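**Student:** Contents of my_file-v7.cif (mmCIF, N, CA and C atoms):
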```
data_entry
#
loop_
_atom_site.label_atom_id
_atom_site.label_comp_id
_atom_site.auth_asym_id
_atom_site.auth_seq_id
_atom_site.Cartn_x
_atom_site.Cartn_y
_atom_site.Cartn_z
N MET Q 1 -83.97 49.33 -11.64
CA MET Q 1 -83.25 50.09 -10.63
C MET Q 1 -81.79 49.65 -10.56
N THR Q 2 -81.58 48.34 -10.52
CA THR Q 2 -80.23 47.79 -10.45
C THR Q 2 -80.07 46.60 -11.38
N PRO Q 3 -78.86 46.44 -11.94
CA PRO Q 3 -78.55 45.34 -12.86
C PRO Q 3 -78.52 43.99 -12.15
N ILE Q 4 -78.10 43.99 -10.89
CA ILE Q 4 -78.02 42.76 -10.11
C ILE Q 4 -79.34 41.99 -10.16
N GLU Q 5 -80.44 42.73 -10.27
CA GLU Q 5 -81.76 42.11 -10.33
C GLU Q 5 -82.03 41.54 -11.72
N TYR Q 6 -81.77 42.35 -12.74
CA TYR Q 6 -81.98 41.93 -14.12
C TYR Q 6 -81.30 40.59 -14.40
N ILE Q 7 -80.03 40.49 -14.00
CA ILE Q 7 -79.26 39.27 -14.21
C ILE Q 7 -79.72 38.17 -13.26
N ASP Q 8 -80.10 38.56 -12.05
CA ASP Q 8 -80.57 37.60 -11.05
C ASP Q 8 -81.82 36.87 -11.54
N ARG Q 9 -82.67 37.59 -12.26
CA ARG Q 9 -83.90 37.01 -12.78
C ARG Q 9 -83.60 35.91 -13.79
N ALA Q 10 -82.78 36.23 -14.79
CA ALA Q 10 -82.41 35.27 -15.82
C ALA Q 10 -81.83 34.00 -15.20
N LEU Q 11 -81.06 34.16 -14.13
CA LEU Q 11 -80.45 33.03 -13.45
C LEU Q 11 -81.50 31.99 -13.07
N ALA Q 12 -82.69 32.46 -12.70
CA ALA Q 12 -83.78 31.57 -12.32
C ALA Q 12 -84.37 30.88 -13.54
N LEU Q 13 -84.56 31.64 -14.62
CA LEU Q 13 -85.13 31.09 -15.85
C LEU Q 13 -84.18 30.08 -16.48
N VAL Q 14 -82.88 30.36 -16.40
CA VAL Q 14 -81.87 29.48 -16.96
C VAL Q 14 -81.91 28.11 -16.29
N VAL Q 15 -82.05 28.11 -14.97
CA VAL Q 15 -82.10 26.86 -14.21
C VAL Q 15 -83.14 25.91 -14.79
N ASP Q 16 -84.32 26.43 -15.07
CA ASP Q 16 -85.40 25.62 -15.63
C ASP Q 16 -84.97 24.97 -16.93
N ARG Q 17 -84.55 25.78 -17.89
CA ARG Q 17 -84.11 25.28 -19.19
C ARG Q 17 -82.99 24.27 -19.02
N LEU Q 18 -82.01 24.60 -18.19
CA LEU Q 18 -80.87 23.72 -17.94
C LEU Q 18 -81.34 22.32 -17.56
N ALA Q 19 -82.40 22.26 -16.76
CA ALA Q 19 -82.96 20.98 -16.33
C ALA Q 19 -83.31 20.10 -17.52
N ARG Q 20 -83.91 20.71 -18.54
CA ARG Q 20 -84.31 19.99 -19.74
C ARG Q 20 -83.08 19.58 -20.56
N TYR Q 21 -82.08 20.45 -20.58
CA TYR Q 21 -80.86 20.19 -21.33
C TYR Q 21 -79.63 20.27 -20.42
N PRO Q 22 -79.48 19.26 -19.55
CA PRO Q 22 -78.36 19.20 -18.61
C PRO Q 22 -77.03 18.92 -19.31
N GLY Q 23 -76.43 19.97 -19.86
CA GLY Q 23 -75.17 19.81 -20.56
C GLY Q 23 -75.13 20.56 -21.88
N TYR Q 24 -75.73 21.74 -21.90
CA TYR Q 24 -75.77 22.56 -23.11
C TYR Q 24 -74.63 23.56 -23.13
N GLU Q 25 -73.87 23.58 -24.23
CA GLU Q 25 -72.75 24.49 -24.37
C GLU Q 25 -73.23 25.94 -24.40
N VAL Q 26 -74.37 26.17 -25.04
CA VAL Q 26 -74.94 27.51 -25.14
C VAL Q 26 -75.47 27.98 -23.80
N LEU Q 27 -76.01 27.06 -23.02
CA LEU Q 27 -76.56 27.38 -21.71
C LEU Q 27 -75.45 27.78 -20.74
N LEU Q 28 -74.43 26.94 -20.63
CA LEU Q 28 -73.30 27.20 -19.75
C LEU Q 28 -72.52 28.43 -20.21
N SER Q 29 -72.38 28.57 -21.52
CA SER Q 29 -71.65 29.70 -22.10
C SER Q 29 -72.30 31.02 -21.70
N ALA Q 30 -73.63 31.03 -21.64
CA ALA Q 30 -74.37 32.23 -21.27
C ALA Q 30 -74.48 32.36 -19.76
N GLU Q 31 -74.61 31.23 -19.08
CA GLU Q 31 -74.73 31.22 -17.62
C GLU Q 31 -73.45 31.73 -16.97
N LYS Q 32 -72.32 31.14 -17.35
CA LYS Q 32 -71.03 31.54 -16.81
C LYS Q 32 -70.84 33.05 -16.91
N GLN Q 33 -71.40 33.65 -17.96
CA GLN Q 33 -71.29 35.08 -18.17
C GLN Q 33 -71.96 35.85 -17.03
N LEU Q 34 -73.20 35.49 -16.72
CA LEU Q 34 -73.95 36.14 -15.66
C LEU Q 34 -73.14 36.16 -14.36
N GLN Q 35 -72.29 35.16 -14.19
CA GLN Q 35 -71.46 35.06 -12.99
C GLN Q 35 -70.42 36.17 -12.95
N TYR Q 36 -69.90 36.53 -14.12
CA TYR Q 36 -68.90 37.58 -14.23
C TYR Q 36 -69.51 38.95 -13.95
N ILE Q 37 -70.55 39.29 -14.72
CA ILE Q 37 -71.23 40.57 -14.56
C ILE Q 37 -71.61 40.81 -13.10
N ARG Q 38 -71.97 39.74 -12.40
CA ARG Q 38 -72.36 39.83 -11.00
C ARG Q 38 -71.13 40.01 -10.11
N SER Q 39 -70.10 39.20 -10.36
CA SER Q 39 -68.88 39.26 -9.57
C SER Q 39 -68.30 40.68 -9.58
N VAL Q 40 -68.05 41.20 -10.78
CA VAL Q 40 -67.50 42.54 -10.93
C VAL Q 40 -68.40 43.58 -10.27
N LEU Q 41 -69.71 43.35 -10.33
CA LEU Q 41 -70.67 44.27 -9.74
C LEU Q 41 -70.32 44.57 -8.29
N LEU Q 42 -69.81 43.56 -7.59
CA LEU Q 42 -69.43 43.72 -6.19
C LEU Q 42 -67.93 43.99 -6.06
N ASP Q 43 -67.14 43.35 -6.91
CA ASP Q 43 -65.70 43.52 -6.90
C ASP Q 43 -65.31 44.91 -7.40
N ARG Q 44 -64.19 45.42 -6.89
CA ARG Q 44 -63.71 46.74 -7.28
C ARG Q 44 -62.32 46.65 -7.91
N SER Q 45 -61.50 45.75 -7.39
CA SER Q 45 -60.14 45.57 -7.89
C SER Q 45 -60.14 44.67 -9.12
N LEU Q 46 -61.02 43.67 -9.11
CA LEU Q 46 -61.12 42.73 -10.23
C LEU Q 46 -61.27 43.47 -11.55
N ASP Q 47 -61.10 42.75 -12.65
CA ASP Q 47 -61.23 43.34 -13.98
C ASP Q 47 -62.68 43.70 -14.28
N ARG Q 48 -62.90 44.96 -14.65
CA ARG Q 48 -64.24 45.44 -14.96
C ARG Q 48 -64.36 45.80 -16.44
N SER Q 49 -63.28 46.33 -17.00
CA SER Q 49 -63.27 46.72 -18.41
C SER Q 49 -63.75 45.58 -19.29
N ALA Q 50 -63.41 44.35 -18.90
CA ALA Q 50 -63.81 43.17 -19.66
C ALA Q 50 -65.31 43.17 -19.93
N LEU Q 51 -66.07 43.77 -19.02
CA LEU Q 51 -67.52 43.84 -19.16
C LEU Q 51 -67.91 44.34 -20.54
N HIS Q 52 -67.10 45.24 -21.09
CA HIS Q 52 -67.37 45.80 -22.42
C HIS Q 52 -66.88 44.85 -23.51
N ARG Q 53 -65.78 44.15 -23.23
CA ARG Q 53 -65.22 43.21 -24.19
C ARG Q 53 -66.17 42.04 -24.44
N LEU Q 54 -66.74 41.51 -23.36
CA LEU Q 54 -67.67 40.39 -23.46
C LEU Q 54 -68.76 40.68 -24.49
N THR Q 55 -69.50 39.64 -24.86
CA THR Q 55 -70.58 39.78 -25.84
C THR Q 55 -71.57 38.63 -25.73
N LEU Q 56 -72.40 38.66 -24.69
CA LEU Q 56 -73.39 37.62 -24.47
C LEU Q 56 -74.78 38.10 -24.90
N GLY Q 57 -75.51 37.23 -25.58
CA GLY Q 57 -76.85 37.57 -26.03
C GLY Q 57 -77.03 37.36 -27.52
N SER Q 58 -75.96 37.56 -28.28
CA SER Q 58 -76.01 37.39 -29.73
C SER Q 58 -76.29 35.94 -30.10
N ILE Q 59 -75.83 35.02 -29.26
CA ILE Q 59 -76.03 33.60 -29.49
C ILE Q 59 -77.38 33.14 -28.95
N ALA Q 60 -77.81 33.75 -27.85
CA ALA Q 60 -79.08 33.40 -27.24
C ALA Q 60 -80.25 33.97 -28.04
N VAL Q 61 -80.05 35.15 -28.61
CA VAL Q 61 -81.08 35.81 -29.40
C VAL Q 61 -81.36 35.03 -30.69
N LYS Q 62 -80.38 34.24 -31.12
CA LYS Q 62 -80.52 33.45 -32.33
C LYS Q 62 -80.88 32.01 -32.00
N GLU Q 63 -80.07 31.37 -31.16
CA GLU Q 63 -80.31 29.99 -30.76
C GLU Q 63 -81.51 29.90 -29.82
N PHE Q 64 -81.50 30.70 -28.77
CA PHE Q 64 -82.59 30.71 -27.80
C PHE Q 64 -83.62 31.79 -28.14
N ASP Q 65 -83.82 32.01 -29.43
CA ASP Q 65 -84.77 33.01 -29.90
C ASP Q 65 -86.20 32.59 -29.59
N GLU Q 66 -86.58 31.41 -30.08
CA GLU Q 66 -87.93 30.89 -29.86
C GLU Q 66 -87.91 29.75 -28.84
N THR Q 67 -86.84 28.96 -28.86
CA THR Q 67 -86.69 27.84 -27.94
C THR Q 67 -86.69 28.32 -26.49
N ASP Q 68 -86.04 29.45 -26.25
CA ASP Q 68 -85.97 30.01 -24.90
C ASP Q 68 -85.79 31.52 -24.96
N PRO Q 69 -86.88 32.24 -25.27
CA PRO Q 69 -86.87 33.70 -25.36
C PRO Q 69 -86.70 34.37 -24.00
N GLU Q 70 -87.23 33.73 -22.96
CA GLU Q 70 -87.14 34.25 -21.60
C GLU Q 70 -85.69 34.44 -21.19
N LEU Q 71 -84.83 33.53 -21.64
CA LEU Q 71 -83.41 33.59 -21.31
C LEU Q 71 -82.69 34.60 -22.20
N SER Q 72 -82.97 34.55 -23.49
CA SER Q 72 -82.35 35.47 -24.45
C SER Q 72 -82.66 36.92 -24.09
N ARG Q 73 -83.95 37.21 -23.91
CA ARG Q 73 -84.38 38.56 -23.57
C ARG Q 73 -83.70 39.04 -22.28
N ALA Q 74 -83.50 38.12 -21.35
CA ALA Q 74 -82.86 38.45 -20.08
C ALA Q 74 -81.35 38.63 -20.26
N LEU Q 75 -80.77 37.84 -21.15
CA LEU Q 75 -79.33 37.92 -21.41
C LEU Q 75 -78.98 39.22 -22.12
N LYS Q 76 -79.66 39.49 -23.23
CA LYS Q 76 -79.42 40.71 -24.00
C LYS Q 76 -79.48 41.94 -23.10
N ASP Q 77 -80.34 41.90 -22.10
CA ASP Q 77 -80.49 43.01 -21.17
C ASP Q 77 -79.48 42.91 -20.03
N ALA Q 78 -79.10 41.68 -19.69
CA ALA Q 78 -78.14 41.44 -18.62
C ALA Q 78 -76.80 42.11 -18.93
N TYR Q 79 -76.20 41.74 -20.05
CA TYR Q 79 -74.92 42.30 -20.45
C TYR Q 79 -75.06 43.77 -20.83
N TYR Q 80 -76.23 44.13 -21.35
CA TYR Q 80 -76.50 45.50 -21.75
C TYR Q 80 -76.17 46.48 -20.62
N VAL Q 81 -76.81 46.28 -19.47
CA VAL Q 81 -76.59 47.14 -18.32
C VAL Q 81 -75.18 46.97 -17.77
N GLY Q 82 -74.66 45.75 -17.85
CA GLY Q 82 -73.32 45.47 -17.36
C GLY Q 82 -72.28 46.36 -18.01
N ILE Q 83 -72.32 46.46 -19.33
CA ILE Q 83 -71.37 47.28 -20.07
C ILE Q 83 -71.32 48.70 -19.51
N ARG Q 84 -72.48 49.34 -19.41
CA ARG Q 84 -72.56 50.70 -18.89
C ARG Q 84 -71.90 50.79 -17.52
N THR Q 85 -72.34 49.93 -16.60
CA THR Q 85 -71.79 49.92 -15.25
C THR Q 85 -70.29 49.70 -15.26
N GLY Q 86 -69.82 48.88 -16.20
CA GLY Q 86 -68.41 48.59 -16.31
C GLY Q 86 -67.57 49.85 -16.38
N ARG Q 87 -68.09 50.87 -17.05
CA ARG Q 87 -67.38 52.14 -17.19
C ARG Q 87 -67.92 53.18 -16.21
N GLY Q 88 -69.18 53.01 -15.81
CA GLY Q 88 -69.79 53.94 -14.88
C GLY Q 88 -70.84 54.81 -15.54
N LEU Q 89 -71.53 54.25 -16.53
CA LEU Q 89 -72.57 54.98 -17.25
C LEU Q 89 -73.92 54.83 -16.56
N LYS Q 90 -74.80 55.80 -16.76
CA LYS Q 90 -76.13 55.77 -16.17
C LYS Q 90 -76.98 54.65 -16.77
N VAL Q 91 -77.96 54.19 -16.02
CA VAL Q 91 -78.84 53.12 -16.48
C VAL Q 91 -80.31 53.51 -16.32
N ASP Q 92 -81.09 53.31 -17.37
CA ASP Q 92 -82.51 53.63 -17.35
C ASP Q 92 -83.18 53.29 -18.67
N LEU Q 93 -84.04 52.28 -18.65
CA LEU Q 93 -84.74 51.85 -19.86
C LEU Q 93 -86.24 51.75 -19.61
N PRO Q 94 -87.03 51.88 -20.69
CA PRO Q 94 -88.49 51.81 -20.61
C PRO Q 94 -88.99 50.40 -20.30
#
```
Take the structure in the file and give it back as structure tokens.
**Tutor:**
Amino acid sequence: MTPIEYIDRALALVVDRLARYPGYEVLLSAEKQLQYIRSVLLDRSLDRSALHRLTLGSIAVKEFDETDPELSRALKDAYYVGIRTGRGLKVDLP
């Protein structure tokens, strides 16, 4: 229904993994992203176009492919919806 939820979910899964690896460049790199997609989601004046420029998930799908699929799957979908919203496109997936 809303992207805020999709990204909100991953935020919870990330916390768990982070606990095991307190100081991962890939974790923070992907986490910090979720913060942007969420910020812009509420912000109107802030930069939104960047949502399309960003590219989170390509690293998680490879690095966190088997090690942490719950995060990768959530990330790939997190930015996915973000891009559309960034421009104002409809959202709806199976």
**Student:** Given the file above and the PyMOL selection byres (((chain Q and resi 56 and name CA) around 12) and name CA), which residues are selected, and can you give them as an MDAnalysis selection string?
**Tutor:** chainID Q and resid 7 26:37 51:55 57:62 64 71:83
**Student:** If you measure from atom N of residue 22 (chain Q) to atom N of residue 10 (chain Q), what distance in Å do you get, rounded to one decimal?
**Tutor:**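 Taking atom N of residue 22 (chain Q) as the start and atom N of residue 10 (chain Q) as the end point, the length is 17.9 Å.
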**Student:** Could you state the separation of CA of residue 2 (chain Q) and CA of residue 46 (chain Q) in Å, given to one decimal place?
**Tutor:** 19.8 Å
**Student:** Which of chain Q counts as helix (DSSP H, G or I) under DSSP, as a VMD selection string please?
**Tutor:** chain Q and resid 3 to 20 25 to 42 50 to 53 69 to 87
**Student:** One decimal, Å: what's the distance from CA of residue 41 (chain Q) over to atom N of residue 63 (chain Q), could you say?
**Tutor:** 26.7 Å
